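Q: Dumping the structure here so I can ask a few things about it.
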Amino acid sequence: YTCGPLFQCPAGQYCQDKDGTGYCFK
């Protein structure tokens with residue numbers, strides 16, 4: 009899923025959207 013409606017990474021970390029997928033990056 010995408011970022012926003014669902015959980016998200018903590019301060020300092022950023023998520024990555026890939027064809028609907030979501031990967032947590034430092």
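Those letters in the sequence shown? Residues 9 to 34, by my numbering.
Don't be surprised by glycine CBs; every beta carbon is placed ideally from N, CA and C.
(1) Just the C-alpha distance for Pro18 and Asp27, rounded to the nearest angstrom, thanks.
(2) Where DSSP assigns a beta bridge to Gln24, which residues make up the other side?
(3) Quick check: the Cα distance between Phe15 and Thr29, rounded to an integer number of angstroms?
(4) Classify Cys11 as helix, strand or coil using the three-state DSSP reduction.
A: In this structure, then:
(1) Between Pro18 and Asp27, the C-alpha separation is close to 22 Å.
(2) In the DSSP output, where bridge partners are listed per residue, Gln24 has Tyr31.
(3) Cα to Cα, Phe15 sits roughly 13 Å from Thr29.
(4) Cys11: strand per DSSP, three-state reduction.
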